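My numbering applies: residue 188 is where the sequence shown begins, and numbers increase by one.
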Amino acid sequence: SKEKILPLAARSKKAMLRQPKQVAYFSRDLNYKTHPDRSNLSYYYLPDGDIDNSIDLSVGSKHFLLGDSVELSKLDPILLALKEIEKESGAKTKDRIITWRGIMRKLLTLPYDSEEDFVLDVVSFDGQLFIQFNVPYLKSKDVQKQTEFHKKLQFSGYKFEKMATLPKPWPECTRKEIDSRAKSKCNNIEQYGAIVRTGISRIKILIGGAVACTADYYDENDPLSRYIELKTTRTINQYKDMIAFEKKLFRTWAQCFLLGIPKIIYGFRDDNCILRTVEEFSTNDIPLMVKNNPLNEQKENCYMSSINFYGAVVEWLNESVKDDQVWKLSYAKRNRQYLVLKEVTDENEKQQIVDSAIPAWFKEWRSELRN
């Protein structure tokens, strides 16, 4: 089993970035059946009075259910989307890299935020690298998932998301469902997402993304501008707080910039899970705020280095695997020097990984496509 080593300090300054461009959207139901609709597409709404009212983010914690990552981190929604893309287009797309935003954000953050361990399938069916999490690794993640404070934090985030949104546009949204947001559950299953055909170097990449909610409505021409991402962290009170804040904004900027989402509404929950203050951000403004901070003015801008490293990673991916060759891309927190690109063999793990990642529905779909 051949293996290739990619140094962690490698950079590709040549590659420039194409602007993000959405192609299609989806609405996964509560039964993990993805549908091509905007059922879960919510609308942002939060007056200043609500954050003046000291809303509690911990109420109804026991009701917080959540699905499992094994069947969640699956390319099946993107696979269906591409299925109709080639259904009416009639020809395979030039896109090569297909994955989820989580892997991309993790590998962008790697040069400076390297505290991550993961294994990535590198299946190359039909000359289209369907990178996604290794399915046996997903089962192992359940043990690695393990407490109560972290789950409380995710519940705080989802409650903040539910409190600052609306199932319908504000005009048609009746008062009863305005004053019913706090009495609903927090389902971590149904989501609204879309596929983005971004670009780095000379490779077209399809990335799915769980869109939190649109700003005021859905713009039929440039939907990316109207999209908003909702996040919340502990309130800032000292220098260590704002340093952790800056790291969180680094990773959030990486996430949004890969999806090309301009706005960031960023909550500030206190010690006891209560929202205290909120404030907004623009995606393009993040590096300027970070590198022009009057407080603790003190290196260089990690954004360009991360972008160049990600371009080098894309070049590595498109140059390493030739065709229909499954690999396993992994990184250990103790490595800190290289990327582990090993290929799996024995014609059993390869076949089971291919079947799990790509259902036969897509595999048979390409058969008539070649016809």
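For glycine and all other residues, C-beta sits at the position ideal for the given N, C-alpha and C.
Which of helix, strand or coil does DSSP assign to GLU416? strand
Can you give me the C-alpha to C-alpha distance between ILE494 and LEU295, rounded to a whole angstrom? 7 Å
Only counting the same chain, and skipping five residues up and downstream in sequence, which positions put a Cβ closer than 6 Å to that of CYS460? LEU244, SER245, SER343
C-beta atoms of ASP511 and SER311 nearer than 8 Å: yes
Using a 10 Å radius around the Cβ and a threshold of 16 neighbouring Cβ atoms, would you call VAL531 buried or exposed? buried
Rounded to the nearest angstrom, what separates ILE365 and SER301 at their Cα positions? 42 Å
With respect to the alpha helix (DSSP H) encompassing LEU295, which residues constitute its N-terminal and C-terminal limits? 288-296
Among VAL465, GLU359, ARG413, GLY289, whose alpha-carbon lies nearest the alpha-carbon of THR420? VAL465
Residue environment, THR361, which counts as buried when at least 16 other CB atoms sit within 10 Å: exposed
Alpha carbon of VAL322 to alpha carbon of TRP514, nearest angstrom: 13 Å
Status (buried if at least 16 other CB within 10 Å, exposed otherwise) for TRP287: buried
Is it buried or exposed, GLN315, if we count other Cβ atoms within 10 angstroms and call 16 or more buried? buried
Between which residues of its own chain and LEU516 is the CB-CB distance below 6 Å, once the five residues before and five after are set aside? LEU307, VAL309, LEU528
Could you say if the segment 211-229 and the segment 260-269 meet the contact criterion of at least three C-beta pairs nearer than 8 Å? yes
In this structure, does DSSP put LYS515 in helix, strand or coil? strand
Measuring alpha carbon to alpha carbon, tell me which of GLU190, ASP406, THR280, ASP255 ends up nearest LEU556. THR280
Can you tell which of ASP224, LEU259, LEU526, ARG553 has its C-alpha closest to the C-alpha of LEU325? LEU259
What are the complete beta strand (DSSP E) segments, minimum 3 residues, inside the segment 304-354? 305-308
Report yes or no: do the segment 421-429 and the segment 192-202 share at least 3 C-beta pairs separated by less than 8 Å? no
Measure the alpha-carbon distance for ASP403 versus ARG205 and round it to whole angstroms. 26 Å
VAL508 by DSSP, collapsed to three states: which one? coil
Within its chain, find whatever has a CB closer than 6 Å to the CB of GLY386; leave out the 5 residues flanking it on each side and keep chain order. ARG205
Is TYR490 helix, strand or coil when you go by DSSP? helix
Would you call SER229 buried or exposed, if buried means 16 or more other Cβ atoms sit within 10 Å of its Cβ? buried
At least three beta-carbon pairs within less than 8 Å, the segment 367-384 to the segment 430-438: no
Tell me the DSSP bridge mates of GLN209? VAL383
According to DSSP, residues forming a beta bridge with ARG456: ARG421, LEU462
Looking only at its chain, what residues have a beta carbon closer than 7 Å to the beta carbon of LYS328, apart from the 5 residues adjacent to it on each side? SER256
Distance between beta carbons of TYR453 and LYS427, contact taken as under 8 Å: Actually they do not touch by this definition, with Cβ atoms about 18 Å apart.
Please state the DSSP three-state secondary structure of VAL527. strand
Cβ of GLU359 versus every heavy atom of the ligand FMN: is any distance shorter than 7 Å? As for the ligand FMN, it is missing from this structure, which has no ligand bound.
Would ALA544 count as contacting chain C if we go by Cβ distances under 8 Å? This model lacks chain C altogether; it includes just one protein chain.
Hey, out of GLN209, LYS349, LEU297, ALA519, whose CA is closest to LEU462's CA? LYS349
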